[PDB]
Structure formats: C-alpha cells, structure tokens
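Shown here is one chain on its own, the form solved without its partner chain, set out as structure tokens.
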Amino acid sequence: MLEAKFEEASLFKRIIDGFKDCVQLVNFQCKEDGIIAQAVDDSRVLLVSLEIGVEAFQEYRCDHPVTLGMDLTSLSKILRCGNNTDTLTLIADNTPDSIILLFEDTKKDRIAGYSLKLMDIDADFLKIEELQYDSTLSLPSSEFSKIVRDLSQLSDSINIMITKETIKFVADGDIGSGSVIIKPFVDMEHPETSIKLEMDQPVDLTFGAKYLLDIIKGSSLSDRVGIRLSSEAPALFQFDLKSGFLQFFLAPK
C-alpha cells in the first residue's frame, strides 16, 4: 500500500507542469523516504529529475517500493479537476494496475476521486553523477522566465556568457536581436530578489530556446532558480521544493 497526501493539491499540479510538456510518460518511484521521478527527452537533450521527500507531504506512507508509470497528459487532465486548494491523496495497492487520486475538502464536505490506469513505461536508466561546475548562480525564477520568454521570440538559440560580475544572455535571429545583462546584487530588504554568482571559470554556452522554454515551466514551484554551468558538462537548472527539488539537465549546442 501507498498513501501520499498533499496538503495542497496545487503543489502536485505545478510539479506535473514542469514535466508534461517535455516528457509524456514518466515512472514515479516511491519508497520510504519519498518519491523520485526521472525522465529523458526523446532526443536525449533534456533530462528531468524530481525529488519529493516525506517532509513535503502532509502525511505519507510507503512501506514497500512501487513504480507508478503514468501518462502525464492523462494525469494532467485528472489534476485539472482539483480545486488547487484541495487535499490530494494518491493511493495505490501492492502491485498496482491503477492509481487513485482523491480530492477532498473537509470545509465544504466535498470529496472526489478519480482513477488513472498505470502503464508499463520501460525507460532507460539515468546515470546522474555529482559534478563540479565552472559557474553557479541564482536569481528570482520569474526574472529568469521573463528573459527566456523575451529572447526566445528572436532566435531558436540563446547564448549565455558568464564573466566576473556579468551574466549575459543573447539571442540573434532573422527578425531581431536581443541582449540582456544582469549583474550580481545584494538586496538588503528583500534577499529573495538577489542575484548571486559564483564563478570559478568564465563560461560561454548556447542552448536551444525551446528547451529553455520547457525548463522555465518549473518556475511556479520556487521563487528562485539555481543555474550551474560548465564548459565540459550539461548545464543544470534547479527549482527547490520544500524538502526536494525539480532539476533539469540541459546539454549545450
């Protein structure tokens, strides 16, 4: 048996939102300390990686390991029906054919439950090693969205350059041309607004805008996003959850 209950259904919706647009079928591997879910883009360009620990749930129980392979387009249509402020409880038995999603509001005395047919996903193992990066930075995730959403109009590629106190984004296409420079800064009154940069080595990297358009969809999960960049390895984008994260690994062109 598995019982994983979110205080706010919304949390789970937004988790599925960072995923559904760039991968369709994902296994969710539940065990005693919580859930990880990890998927590749088809084209092997984008790896997505979720961790939700026990502490993220209102109440959680998983005595024996289960894999919940579920279609995110389907899952997402069921999640659409929940009030975004409801209780969400996931329930699945020992060897599951199905998952049960149960929206509950103890205030209004309203209860709803939906059933989602699990499927056999059979994905490639993902070997995600822990690395050292040339540069590390954080900023409000919504500042990151706005830059990505704006420059994306102009080019399929966005170039990111990091130099001593400079984070530079550039997009150059057929119609137009964009350039944004942000500087690390400490915000006395509002530290959540700060841009932090830690640079061991300058970096200069190009990424497909389409993939950055996918990653910025993790934004609703966290005020801030952490970007780790390196000349040899894929870049890493991370949105911290209360007791977990959503990570994207992206390869430069």
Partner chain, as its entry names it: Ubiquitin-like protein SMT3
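Residue numbers count along the first chain shown, from 1.
For the segment pair 212 to 220 and 41 to 49, the entry gives 41 to 49 the higher mean B-factor, averaged over Cα atoms. When the mean C-alpha temperature factors of 10 to 18 and 233 to 241 are read from the deposited coordinates, 10 to 18 comes out higher.
Taking the deposited Cα B-factors for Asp174, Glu143, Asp93, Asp150, the highest one is held by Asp93. Considering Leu116, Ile158, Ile162, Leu126 together, the PDB entry gives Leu116 the largest C-alpha B factor. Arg228 sits in the lowest third of its chain by CA B factor, as recorded in the PDB entry. In the deposited entry, the Cα temperature factor of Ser138 places it in the lowest third of its chain's modelled residues. When all modelled residues of the chain are sorted by CA temperature factor, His190 is found within the middle third. Among all modelled residues in its chain, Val66 ranks in the highest third by Cα B-factor.
Per-chain ranking of the deposited C-alpha B factor places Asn27 in the middle third.
Beyond what is shown, the protein has a form solved in complex with its partner chain; the following relates to that form.
Proximity to its partner chain in the deposited bound form, taken as a non-hydrogen atom within 4.5 angstroms, holds for one residue of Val66, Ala37, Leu197, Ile216, which is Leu197.
Proximity of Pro191 to its partner chain in the deposited bound form falls within the 4.5 Å heavy atom cutoff. For the partner-free chain shown, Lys164, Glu165, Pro184, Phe185, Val186 of 149 to 187 come within 4.5 angstroms of its partner chain in the deposited bound form, judged by any non-hydrogen atom.
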